[PDB]
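In structure tokens, one chain follows: the form deposited in one PDB entry.
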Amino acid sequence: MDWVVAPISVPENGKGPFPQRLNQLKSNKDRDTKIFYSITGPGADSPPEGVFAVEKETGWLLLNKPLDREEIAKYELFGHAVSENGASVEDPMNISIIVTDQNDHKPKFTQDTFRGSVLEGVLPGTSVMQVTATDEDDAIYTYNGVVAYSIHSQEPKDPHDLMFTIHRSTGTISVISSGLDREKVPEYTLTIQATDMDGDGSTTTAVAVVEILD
């Protein structure tokens, strides 16, 4: 009884010293001759070379350097078993290395300044613009690339203080208080923020400048 496929899930940007052992190969029939192991493939004997390596005698698969999942996210290697007489004993076994995500990219805003506009008498609830930011990290399986949006401050304060909201996850700045007037205040400037791990991580700052129109 065994696994149908056995991938090796390896957290990226890892520490300690290298090499590191990952799993150990063994062939069914190694009381026949002595067995010498070898790995091949992209990440072993093709570029990037020398990222993975196997111990000839012991069969330990080794990690040589830390992996950036944000560069290569999975490898496909092959295990080779060759007796001391030169005989390929088994078929090269599929070795699959899945690189899992650490939170090693701060979220970075689309543009340094975002510019949008709206009109004096729009009903509370009304879209005005959408900002964004990208986090190069993963957002399907981890929260490391999932972004939360917020508004820090609003200048000028004038008719109110919470003049706008931004949707936490889509980045849509709405107006929420009727009371706009282009003559009294023509150009608000929102100081906005993107925060990875869904608000519990790093925070990048940028600005959105809403102009109110006649």
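Residue numbers run from 1 along the displayed sequence.
According to the PDB record, 107-115 carries the higher mean C-alpha B-factor of the two stretches 107-115 and 82-90.
Once the C-alpha B-factors are averaged per stretch, 66-74 and 27-35 rank with 27-35 first. Taking the deposited Cα B-factors for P186, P47, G145, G171, the highest one is held by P186. Per the PDB record, residue ranking by Cα B-factor puts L190 in the highest third of the chain. Annotation for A6: C-alpha temperature factor in the middle third relative to the rest of the modelled chain, per the entry. Annotation for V122: C-alpha temperature factor in the highest third relative to the rest of the modelled chain, per the entry. Ranked by Cα temperature factor within the chain, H167 sits in the lowest third according to the deposited record. For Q102, the recorded CA temperature factor ranks within the middle third of the chain's modelled residues.
What comes next is about the form deposited in another entry, which does not appear here.
Within the set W60, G50, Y75, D104, the hinge between the two rigid parts that rotate between the shown form and the other one is located at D104.
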